[PDB]
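Undergrad: Before we start, here is the structure in question, set down as structure tokens.
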Amino acid sequence: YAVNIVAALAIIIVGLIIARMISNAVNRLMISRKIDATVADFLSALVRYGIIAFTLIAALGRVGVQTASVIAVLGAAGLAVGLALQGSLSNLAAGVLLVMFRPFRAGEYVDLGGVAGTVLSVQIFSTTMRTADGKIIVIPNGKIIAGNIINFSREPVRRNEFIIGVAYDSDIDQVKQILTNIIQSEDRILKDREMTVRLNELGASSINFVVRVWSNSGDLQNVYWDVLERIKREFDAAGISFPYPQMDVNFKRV
Amino acid sequence: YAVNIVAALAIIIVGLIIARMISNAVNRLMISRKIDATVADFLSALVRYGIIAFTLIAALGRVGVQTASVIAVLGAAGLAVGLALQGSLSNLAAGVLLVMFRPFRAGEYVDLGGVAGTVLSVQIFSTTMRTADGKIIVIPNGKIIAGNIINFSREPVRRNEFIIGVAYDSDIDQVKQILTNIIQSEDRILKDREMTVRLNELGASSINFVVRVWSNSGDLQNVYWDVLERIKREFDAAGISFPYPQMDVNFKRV
Amino acid sequence: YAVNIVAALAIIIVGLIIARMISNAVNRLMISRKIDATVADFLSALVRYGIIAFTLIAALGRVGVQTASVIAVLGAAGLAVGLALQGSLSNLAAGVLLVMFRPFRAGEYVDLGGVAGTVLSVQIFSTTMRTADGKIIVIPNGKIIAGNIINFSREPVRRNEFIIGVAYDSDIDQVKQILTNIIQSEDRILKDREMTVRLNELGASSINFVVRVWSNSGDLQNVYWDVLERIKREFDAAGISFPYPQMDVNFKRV
Amino acid sequence: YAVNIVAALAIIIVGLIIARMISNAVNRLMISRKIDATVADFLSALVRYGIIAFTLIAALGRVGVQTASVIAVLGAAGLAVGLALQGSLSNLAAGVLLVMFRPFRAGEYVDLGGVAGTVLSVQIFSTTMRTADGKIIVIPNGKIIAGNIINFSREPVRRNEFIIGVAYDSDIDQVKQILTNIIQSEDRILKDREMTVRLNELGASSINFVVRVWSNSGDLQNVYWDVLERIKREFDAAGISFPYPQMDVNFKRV
Amino acid sequence: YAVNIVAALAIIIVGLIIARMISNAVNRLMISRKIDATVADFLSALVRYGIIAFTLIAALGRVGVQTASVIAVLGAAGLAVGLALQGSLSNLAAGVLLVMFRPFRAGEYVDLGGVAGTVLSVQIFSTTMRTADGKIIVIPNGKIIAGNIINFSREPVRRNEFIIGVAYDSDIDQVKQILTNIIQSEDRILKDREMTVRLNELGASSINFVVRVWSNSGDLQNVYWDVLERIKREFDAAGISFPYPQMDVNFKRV
Amino acid sequence: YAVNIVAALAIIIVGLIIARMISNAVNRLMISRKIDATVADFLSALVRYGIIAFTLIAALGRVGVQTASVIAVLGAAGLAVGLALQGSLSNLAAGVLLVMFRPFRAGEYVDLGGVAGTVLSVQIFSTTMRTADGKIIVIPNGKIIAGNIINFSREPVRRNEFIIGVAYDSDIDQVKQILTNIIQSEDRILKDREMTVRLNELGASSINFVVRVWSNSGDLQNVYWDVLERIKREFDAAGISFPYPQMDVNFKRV
Amino acid sequence: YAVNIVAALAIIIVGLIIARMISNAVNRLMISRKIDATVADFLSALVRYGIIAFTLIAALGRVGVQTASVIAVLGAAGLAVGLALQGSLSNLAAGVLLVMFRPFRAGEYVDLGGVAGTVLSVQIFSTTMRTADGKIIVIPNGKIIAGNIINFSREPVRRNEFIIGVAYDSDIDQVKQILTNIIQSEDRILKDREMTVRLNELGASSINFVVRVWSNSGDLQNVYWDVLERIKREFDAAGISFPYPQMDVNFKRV
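Protein chains in written order, with the entry's author numbering: chain G, 27 to 280; chain F, 27 to 280; chain E, 27 to 280; chain D, 27 to 280; chain C, 27 to 280; chain B, 27 to 280; chain A, 27 to 280.
Okay, structure coming up:
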């Protein structure tokens, strides 16, 4: 009986002291890292309180008092904190997966479900990238993983797809020859890959040809710009007409 | 049997006395710190009631009545309070993450999933911002974290993208020389970065050029405004036509 | 054995009697407060039934019949009631947060995720507001907190944004001087804050100027109405044309 | 040993008999209320089966067969049923909240998240209303509570908003006077409340005025119809033109 | 020791035999009702396996090996199944609610959140209806209960709403008289209910009147068709013009 | 004590041996069925590890070391694998429900939330269909059940709805007679079911009639095609005009 | 008592030593396989900590200190981790399913819920494909499995659908014959499968015919391009008119 009451008190003391020690330890880590008076004090205090309450529970239980009730309420509380925590816990997990496993790493330009920019840093909970115009976006890793991950710095060659519309009474073959001549002449267009030039759509007020040509990443934006300037000039010289919106109107006096 | 009923009564007495002592202690701390009659009295009273209820449960337990049922029901009820609490709990957690971790801090302008304004203050549960027009928005931290966080004050230089459309019969080279002259002259446009001026789209009734030019956050709104006014005037003088909607109409009498 | 069966019977009796007593007590409290035959009778009866079932469970348990099964079933059912209850519980919690914590209070005009009106009363479970057209909306507090809370009565000054489009051949400078003069003269427009008048967009059939001017809440709807009427008259007099939809049509006989 | 095997057999018998008794009781309650052969037979049988399985488990428990496994499985299954049950249970809870608590009561016209009609009856699980055109909707109370609740029979006076567009060359003042005269004369328009008549928008092909006028619910649909017919007649007489879609076309022969 | 090993073996045997018996019973119920070789065999086998595994567990426990581990794992797995199961379980519950409680029963024409047809059968998990064009739709009861439930076979009289647009220079009064005459003459239009004929909208190119008239469900589709044909004819004869799209075009040579 | 340590060691040995045996058995079943080195080796290994860990746990348990901690961790992990599994488990369940219960079966043409084709096979986890254009889609059963299920093959007779628009000055009666005749003459149109031909809408530039005619599934695509070609020819001959877009333009010189 | 305290201390020592040993073992395996300082050190340490905590729990267990509290809290936390982990664990499970099971395999062209390309590799957690234009997408297997999986390299023959619109006064039969001739002549069109050429829609300004023709995957893109060029040339020669947008305008001077 004496050993029991003494053990209970001894535990109460050991509990209070370790709680103060663990709280002080949490504060050492908070300050060394990145301390915030509210976060360090409140978190350290929550740890200290949980430890002491666990201790009082242990003491009454040793005395013979059934703690089942405090255990169940303590368990429900623990589950609630678990649920709220889960969005952030989820993000952390994704971060780990993302880091060991990963596709995109700092410096690569990517597209993470829309929002595409240059990755500045993949962090614990979120990835930060700098969009093309200069905005800084911070994406939550969990969402990053749920979405597709298209990495642009991984690939070497892509394909441009032009679509020029000419007038209906334009010579199908002439158009084809002129476009074919422009891409054939364009160095930056991989000649060993696709090189499509075809009457593709029977337009509303137009008849348009699709042109598909491959080039290496770097080159591609310019290839499209140059091939297009070229298409505009050659067609103008050759007399091929880029039509305005057409409309047949039938007059009725009244 | 006597030891069990006596122990139960002994526990009830110990529970009531400790409940009163712990309540009085909570009041000592409330007054020494910052006491509020409603907060100190209601909090000390809730602590005292929890302690005694626990004691009664423990006593029926000693008398030897299996409390399993009250424990499960008490447990479910706690889980329910925990579930309801979780949305708000969630917001609190996000706030902590947001504060130690944070991307956007007071004074920065941001877009928190639509709603974009200047951050006035990131608080415990919600962040408050002042939209450009002057509205004051209070966004719940949990929602903020689930969404992307796009911060405009973090990067120093961003890019303007003009898209001027001219009349088809316009001189491609002249249009280019003029736009290039305007951006070249504009001091606020960093000359070492991208300075794109190109025939980009073969329009419906237009033929439009895209101009991409970089400048520092501040300067940027003005740079777009000035470069645009300038483009309107230079083009007018140079005789370049900003076309109206074109339409070729074919007449048919009947 | 006899002590076990007698104790079991003794408990069944103590349970039935206390159940009737607790039920009668619930009714005393129901009547003193605000009694409703269905609520007082059904609630008191539910309490009584729970206590008796608990007791029968304890009796079989006292005898030596493992009640684990009834315990788990009772627990799952308890969880289910907790889940159904959680939406409403959630609303109550939000209400508490809303009340001690609150941003918007009676009399303030606000936007609670779309639905924006004047707050009539922040209640226990729901907030009630009266929309500008006269409708009376009752929004569940849980939803209110999940959504953004933009308060218009908090800040005091807001900004109007006009966008007038004139004809392309209008004098840029003249349009700017006339608009500037109008805002300059209008007393209600805070002169120490932003006062933007600029050629902003190179429109379709138009060329439009953006005007951004600040005023105090009240004044603002009127400032816009008045500044606009003013722009309409001043421009007409000065000969600045508000263009109709333009269109170049090219004729073709056939 | 004998007492144990006998007690086990004694329990199995007590279990089968009570199970048959509880099943028959469930059927007495099913028939007295509203019996359905499938529901009464299947529900009573499920109760009987649960009781017997619990008993066999108990018997196993008496001989020395740990039933922990069956207990855990039974519990998880119980949890799942709670989850499935929760949507329906949620509806019931909202119903109770709705009935003792409620804003809208039979006879009142309301808008329950879209679906707006005359309330016919707030029941246990669902509210039934009759839409203006005659349809009969039955809305689940859970959904009703989650959504906003706007009651039109509560307040009593709302506001009409007319928006009349006239020709650009119309006299701003004349238009204002005529509209003002019309609303001024209309008795049904509360004269002590808002009475706005203003040049609101600088239209595309029009120039439009906004008119805001309050009236009591009933009167309001008619006030709008009448004030409008009146606006049409007066404007026609006064020479004010309601413009057709405008369009400036510029001809080009070719 | 012998009693323990024998009891363990005795349990293993009782477990295998009862498992085969319960499986065979599940098959008897499956065949009597609606048997399906895959469902009856797979379900009966799953029950049999669960019973035997529980038995082996009970046996190792009786021999003297703590099964706690197998119990917790078995428990977690059961929880996972409960979660996957919950969508389907949810549908079943709504089904029960739907059948005893239900608004719509076979033969009634309804709209269950869009998808509107005639109910062919309300089943355990889903309702099946036959759309007006003949398609057969199977809607999950859970979704049915979440959505609004509009029943057309419940009320007997509904309201048609016509909206005829005439030309601006039409006589407001004449249009009203003619429409009024048409509805007045049409027998199938309940004369004791609403009978609205009003200038409702000041159209773009039109000036349209709304006409609301009630009739019995059946009569209603035809009433709308007949009243419309009638409006077209009377108007043509009366000289009232149903206008084509208007457009004032202002010419400019260049 | 010796019996306890020996029993513990004997259990460890029995556990390792059975673990290796169960793993080897899983591989026998993997290879006989459809073996994959990674799946068979990893799955067999996971089973083996779970069995041994369970065994070590049981060994310490008999030896008197409270394994509570290892049990809880083991339980959480099981739940996690269970949660991951739940999407697939969910699909499987849906499949079972789908198979005993089902609406659509092989050969039927259906729309399973968008994606609509001919059902090739309702399997365990997924339903496979062949879209009209020839693509082969594999839809997960869970998604299938959550969505509505619209079956086109279930009704034997369906209905076509034609909507032909004629010119405003067309003879209402003549249009009706010609359409009536066309459907009257078309054998494939079930003459005992609905046969609607009516002036349905007072169109923009047209006046359109709706025609509703039933036929048997097969026949229906062709009935619609044939009836339509027929309508075009008869109307052309009869002189009924299928109008182009109308437009009244009012001229204004300036 | 001495045996109990000594056993508790003996266990604590056995626990620390085995924990250090198992940790060192985990490191041996990590390094032999594929070691990563953070993964090997963090994983080994986590194992070590779990073992020790289990030990303290068991020792406190011997020393009579009830650990229930630490066990429930440890349990709630484990549940929470289960939840965060589930998204990623979900992806892994789908990966196993995908690899042993898989429909699409490297080299096959597929559509995995939008994003359609040529699979480059199905890996442990993600599938990587190269979209037609050349982009490299990485899709998370979990998402892939949730979505529909349509495989193009599985089936071999698909269908092209042409929709040619001609002028209203075109000869229905001639249009049909020319189209039929073209498809009849085109070898690449499977002649034993559907070959539909029909007047399908009664256009706005057109009358359009639908043409459905099958071919083998490869051939199909080209079949469509070629059949189309052919339709354009044949129709031009035959005099069939591809109409621009029609419009009847009625003039009104004012």
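Virtual Cβ for every residue (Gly too), placed ideally from N, Cα, C.
To test your reading of the DSSP string, which unbroken alpha helix (DSSP H) runs of 4 or more residues are found completely within the stretch 70 to 141 of chain D?
TA: Runs found: 94 to 127.
Undergrad: Can you look up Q149 of chain A in the DSSP assignment and give me helix, strand or coil?
TA: The residue labelled residue 149 of chain A in the question sits at position 123 within the seventh sequence. Coil at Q149 of chain A, not helix or strand.
Undergrad: Nearest-angstrom Cα distance between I31 of chain B and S95 of chain C?
TA: Your numbering for residue 31 of chain B matches position 5 in the sixth sequence. Your numbering for residue 95 of chain C matches position 69 in the fifth sequence. If I take the Cα positions, the gap works out to 20 Å.
Undergrad: Could one say the Cβ of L254 of chain F lies closer than 9 Å to chain E's Cβ atoms, at least one of them?
TA: As a position in the second sequence, residue 254 of chain F is number 228, starting the count at 1. Yes, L254 of chain F counts as interfacial toward chain E.
Undergrad: Looking at the structure shown, is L205 of chain B part of a helix, part of a strand, or coil, going by DSSP?
TA: The sequence position of residue 205 of chain B within the sixth sequence is 179, counting from 1. DSSP places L205 of chain B in helix when its eight states are reduced to three.
Undergrad: I need the straight-line Cα distance from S241 of chain A to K217 of chain A, nearest angstrom please.
TA: As a first step, residue 241 of chain A must be located in the seventh sequence, where it is residue number 215. As a first step, residue 217 of chain A must be located in the seventh sequence, where it is residue number 191. Answer to the nearest angstrom: the Cα atoms are 9 Å apart.
Undergrad: Can you give me the start and stop residues for the beta strand (DSSP E) that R180 of chain C sits inside?
TA: Within the fifth sequence, numbered from 1, the residue matching residue 180 of chain C stands at position 154. It is not in any beta strand (DSSP E) - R180 of chain C carries neither H nor E in the DSSP assignment.
Undergrad: Could you give the distance in angstroms between the alpha-carbon of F235 of chain A and the alpha-carbon of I198 of chain A?
TA: Along the seventh sequence, one-based indexing puts residue 235 of chain A at 209. Along the seventh sequence, one-based indexing puts residue 198 of chain A at 172. Looking at the two C-alpha atoms, the distance is approximately 9 Å.
Undergrad: Decide yes or no for the touch test of the stretch 70 to 79 of chain F against the stretch 39 to 54 of chain F: beta carbon pairs closer than 8 Å, at least 3 of them.
TA: Flag = yes, the stretch 70 to 79 of chain F and the stretch 39 to 54 of chain F touch.
Undergrad: Going by the DSSP bridge assignment, what does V192 of chain E pair with across the sheet?
TA: To locate residue 192 of chain E, count along the third sequence from 1; it is residue 166. According to DSSP, which records beta bridges pairwise, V192 of chain E is partnered with E:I233.
Undergrad: May I have the straight-line CA-CA distance separating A263 of chain F from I204 of chain F, to the nearest angstrom?
TA: The count along the second sequence starts at 1 and reaches residue 263 of chain F at position 237. The count along the second sequence starts at 1 and reaches residue 204 of chain F at position 178. Cα to Cα, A263 of chain F sits roughly 11 Å from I204 of chain F.
Undergrad: Mapping DSSP to helix, strand and coil, what is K161 of chain B?
TA: Stepping through the sixth sequence from its first residue, residue 161 of chain B is reached at position 135. DSSP places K161 of chain B in coil when its eight states are reduced to three.
Undergrad: Check whether the Cβ atoms of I266 of chain A and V239 of chain A lie closer than 9 Å to each other.
TA: Locating residue 266 of chain A in the seventh sequence gives position 240, counting from the first residue. Locating residue 239 of chain A in the seventh sequence gives position 213, counting from the first residue. No, these two residues do not count as a Cβ contact at 9 Å.
Undergrad: Cα separation between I38 of chain F and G90 of chain F?
TA: Position 12 of the second sequence, counted from the first residue, corresponds to residue 38 of chain F. Position 64 of the second sequence, counted from the first residue, corresponds to residue 90 of chain F. The alpha-carbon atoms of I38 of chain F and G90 of chain F are separated by roughly 15 Å.
Undergrad: Taking buried to mean at least 16 other C-beta atoms within 10 Å of its own C-beta, is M126 of chain D buried or exposed?
TA: The sequence position of residue 126 of chain D within the fourth sequence is 100, counting from 1. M126 of chain D comes out exposed.
Undergrad: In terms of alpha-carbon separation, which member of C:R59, C:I257, C:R224, C:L225 lies closest to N226 of chain B?
TA: Counting from one through the sixth sequence, the residue named residue 226 of chain B turns up at place 200. Of the candidates C:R59, C:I257, C:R224, C:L225, the one whose C-alpha sits nearest the C-alpha of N226 of chain B is C:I257.
Undergrad: Hey, would you say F80 of chain C sits closer than 9 Å to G104 of chain C, going by beta carbons?
TA: Here residue 80 of chain C refers to the residue found at position 54 when the fifth sequence is read from its first residue. Here residue 104 of chain C refers to the residue found at position 78 when the fifth sequence is read from its first residue. No, Cβ-Cβ distance for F80 of chain C and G104 of chain C is not below 9 Å.
Undergrad: Round the Cβ separation of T93 of chain C and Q92 of chain D to the nearest angstrom and send it over; I've been treating them as touching at under 8 Å.
TA: Residue 93 of chain C sits at position 67 when you count from the first residue of the fifth sequence. Residue 92 of chain D sits at position 66 when you count from the first residue of the fourth sequence. Yes, they are in contact, since the Cβ atoms of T93 of chain C and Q92 of chain D sit about 7 Å apart, within 8 Å.
Undergrad: Among G:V164, G:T153, G:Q272, whose alpha-carbon lies nearest the alpha-carbon of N177 of chain F?
TA: Along the second sequence, one-based indexing puts residue 177 of chain F at 151. Ranking the options by Cα distance to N177 of chain F, first place goes to G:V164.
Undergrad: Would you kindly work out how many angstroms separate the C-alpha atoms of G133 of chain C and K161 of chain C, rounded to a whole number?
TA: Working through the fifth sequence from its first residue, we reach residue 133 of chain C at position 107. Working through the fifth sequence from its first residue, we reach residue 161 of chain C at position 135. The alpha-carbon atoms of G133 of chain C and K161 of chain C are separated by roughly 16 Å.
Undergrad: Can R219 of chain D and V183 of chain D be called in contact, C-beta distance under 9 Å?
TA: Residue numbering aside, residue 219 of chain D sits at position 193 when the fourth sequence is read from its first letter. Residue numbering aside, residue 183 of chain D sits at position 157 when the fourth sequence is read from its first letter. Yes, the Cβ-Cβ distance between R219 of chain D and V183 of chain D is below 9 Å.
Undergrad: To the nearest angstrom, how far is the alpha carbon of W251 of chain E from that of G108 of chain G?
TA: Stepping through the third sequence from its first residue, residue 251 of chain E is reached at position 225. Stepping through the first sequence from its first residue, residue 108 of chain G is reached at position 82. Computed Cα separation, rounded: 54 Å.
Undergrad: Give me the chain F residues within the contact set of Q200 of chain G, using Cβ-Cβ distance strictly less than 8 Å, ordered along the chain.
TA: Translated into positions along the first sequence, residue 200 of chain G becomes position 174. What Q200 of chain G touches in chain F: nothing, since even the nearest Cβ is about 18 Å away.
Undergrad: Can you name the residues of chain E whose CB is closer than 8 Å to the CB of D159 of chain F?
TA: The count along the second sequence starts at 1 and reaches residue 159 of chain F at position 133. In chain order: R184, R185, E187.
Undergrad: Going along chain E in order, which residues have a C-beta closer than 8 Å to the C-beta of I97 of chain D?
TA: On the fourth sequence, residue 97 of chain D is found 71 positions in, with the first residue counted as 1. Under the 8 Å cutoff, chain E gives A94, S95, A98.
Undergrad: On the DSSP bridge assignment, give the partners of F277 of chain A in chain order.
TA: Taking the seventh sequence and counting its residues from 1, one reaches residue 277 of chain A at position 251. Per DSSP, B:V275.
Undergrad: In chain order, what residues of the same chain lie with their CB nearer than 8 Å to the CB of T222 of chain C, ignoring the 5 residues before and after it?
TA: Within the fifth sequence, numbered from 1, the residue matching residue 222 of chain C stands at position 196. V236, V237, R238, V239, listed in sequence order.
Undergrad: Could you give the residue range of the beta strand (DSSP E) that holds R59 of chain D?
TA: Along the fourth sequence, read from residue 1 onward, the residue named residue 59 of chain D stands at position 33. Taken as a continuous stretch (DSSP letters only), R59 of chain D belongs to no beta strand (DSSP E), as it is neither H nor E.
Undergrad: Taking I208 of chain F as the reference, which of F:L228, F:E255, F:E181 has the closest Cα?
TA: On the second sequence, residue 208 of chain F is found 182 positions in, with the first residue counted as 1. When only C-alpha atoms are compared, the closest one is F:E255.
Undergrad: With a threshold of 9 Å between beta carbons, is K278 of chain G in contact with chain A?
TA: As a first step, residue 278 of chain G must be located in the first sequence, where it is residue number 252. Yes, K278 of chain G lies at the interface with chain A (some Cβ there is under 9 Å from its Cβ).
Undergrad: In or out: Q112 of chain B buried (at least 16 other Cβ within 10 Å) or exposed?
TA: Stepping through the sixth sequence from its first residue, residue 112 of chain B is reached at position 86. Buried, by the Cβ-count rule.
Undergrad: Contact criterion: CB-CB distance below 9 Å. Does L69 of chain B meet it with respect to chain C?
TA: For the purposes of this step, residue 69 of chain B is identified with residue 43 of the sixth sequence, where counting begins at 1. Closer than 9 Å: no.
Undergrad: Grab me the residues of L118 of chain G's own chain with a C-beta within less than 7 Å of its C-beta, minus the 5 sequence neighbours each way, in chain order.
TA: Position 92 of the first sequence, counting from 1, holds the residue named residue 118 of chain G. Here the set comprises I150, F151.
Undergrad: Using the Cα positions of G173 of chain E and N174 of chain D, report the straight-line distance between them to the nearest angstrom.
TA: Position 147 of the third sequence, counting from 1, holds the residue named residue 173 of chain E. Position 148 of the fourth sequence, counting from 1, holds the residue named residue 174 of chain D. Straight-line Cα distance between these residues: approximately 13 Å.
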